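Engineer: This one is an experimental structure. Sequence first:
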Amino acid sequence: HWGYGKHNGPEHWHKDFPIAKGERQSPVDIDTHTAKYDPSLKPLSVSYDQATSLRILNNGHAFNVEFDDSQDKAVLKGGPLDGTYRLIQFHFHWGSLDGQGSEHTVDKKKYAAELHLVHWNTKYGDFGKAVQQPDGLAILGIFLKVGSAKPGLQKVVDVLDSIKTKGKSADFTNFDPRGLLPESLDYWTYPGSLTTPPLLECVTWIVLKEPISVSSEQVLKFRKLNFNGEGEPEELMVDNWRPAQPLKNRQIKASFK
Ligand SMILES: [Zn+2]
């Protein structure tokens with residue numbers, strides 16, 4: 001019964017998921033004055049030409065755009081990573097107000113939203129096996145600010161009415177996740193966790209410095225989604241973000257000078 005409400009939000013998750021207080025929790029604040037350039041980092045390689053989106057699902061916590069991950073169709077490589085990581089889904093976290101919504105922060109700045117493209121390490125065979133490994137996942141995080149519309153997001157926006165409530169899914173084929181990337185692939189990276197229960201410490205985080213712009217109308221449509229199921233009291237799906245967690249014995253590395 002974890003969530004983002006008045007009585008089940010992030011500050012409560014540790015009772016059922018004690019790693020919530022662990023050594024490698026996410027998100028974190030990215031201090032641009034202490035993150036150090038690492039010349040040994042490599043460009044990243046985002047290969048989404050062959051991506052097969054399948055479906056979009058309201059899971060009661062966010063919505064996931066799901067992909068075929070039964071081949072190396074959409075992979076992330078390079079950067080801080082060893083080996084190959086398959087895209088399985090992307091989702092967002094967002095606010096009730098434009099001044100909030102992101103999970104990671106940059107010098108304490110909150111963005112309006114944050115996109116997570118989730119990939120699993122093919123060495124481990126399946127996502128469920130991967131989340132049990134410290135190097136099981138690579139999550140590419142992208143900040144959203146409110147300004148211009150993002151044309152490549154509109155198809156997502158326009159399907160949300162069909163998945164308003166928890167448990168609803170819709171066919172969602174032929175979506176191109178390249179339309180959600182900023183121009184630059186400069187990034188910060190650090191080791192951390194899933195930001196939702198079970199909060200497993202299995203993630204190499206790769207957070208892009210350049211935000212994307214979305215329009216106020218696009219974010220407004222995200223804020224019409226519901227946490228609840230159909231036939232239940234309406235609870236708008238807003239403020240589905242976990243706040244920054246202690247960095248502890250970690251360093252954030254920058255790919256850029
Ligand atoms: Zn996420």
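Structural biologist: Everything's here; your move. Residues are numbered from 1 along each chain as shown.
Engineer: How are the helices of the stretch 151-257 of the chain distributed by residue range?
Structural biologist: With DSSP state H, counting those that start in this stretch as the criterion, the stretch 151-257 of the chain has helices at 154-159, 216-222.
Engineer: So for the protein, which residue is the most central one in space?
Structural biologist: The C-alpha lying nearest the average C-alpha coordinate of the chain belongs to residue 116 (Cα atoms, centre = their mean; 2.0 Å).
Engineer: mind checking how far stretch 215-224 is from the chain centre?
Structural biologist: How far stretch 215-224 lies from its chain's middle: 18 Å, per Cα atoms, centre = their mean, to the nearest Å.
Engineer: ok, and for it, which residues are buried?
Structural biologist: Buried residues in stretch 215-224, counting neighbours by 16 or more other Cβ atoms under 10 Å, are found at 215, 218, 219, 221, 222, 223. Every residue, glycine included, has its C-beta placed from N, CA and C.
Engineer: The helix or strand hosting the residue nearest to the centre of the chain packs against which elements?
Structural biologist: Residue 116 is part of strand 113-121, with elements assigned from DSSP states H and E. Where contact means 3 or more Cβ pairs under 8 Å, 6 or more residues apart in numbering; DSSP states H and E, strand 113-121 is packed against strand 75-78, strand 85-94, helix 127-130, strand 137-146.
Engineer: tell me how far it is from the chain's mean position?
Structural biologist: A distance of 4 Å separates the C-alpha centroid of strand 113-121 from that of its chain, computed with Cα atoms, centre = their mean.
Engineer: got the CA positions of it in CSV?
Structural biologist: Taking C-alpha atoms only, strand 113-121 is exported to CSV below (Å, rounded to 0.1, in the frame of the first residue of the first chain):
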residue,chain,number,x,y,z
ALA,A,113,9.1,16.2,-14.2
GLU,A,114,11.7,13.5,-14.9
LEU,A,115,11.7,10.8,-17.5
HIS,A,116,13.3,7.4,-16.7
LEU,A,117,14.3,5.0,-19.5
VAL,A,118,14.9,1.7,-17.8
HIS,A,119,17.3,-0.9,-19.2
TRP,A,120,18.5,-4.3,-17.9
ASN,A,121,21.9,-5.9,-18.3
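Engineer: What separation do you get for the closest residue to residue 156 other than its chain neighbours and residue 151?
Structural biologist: Counting by Cβ to Cβ, 6 or more residues apart in numbering, residue 156 lies nearest to residue 65, which is 6.8 Å off, once chain neighbours are set aside. Noted for residue 65: a distance of 16 Å to residue 151, by Cβ to Cβ, to the nearest Å.
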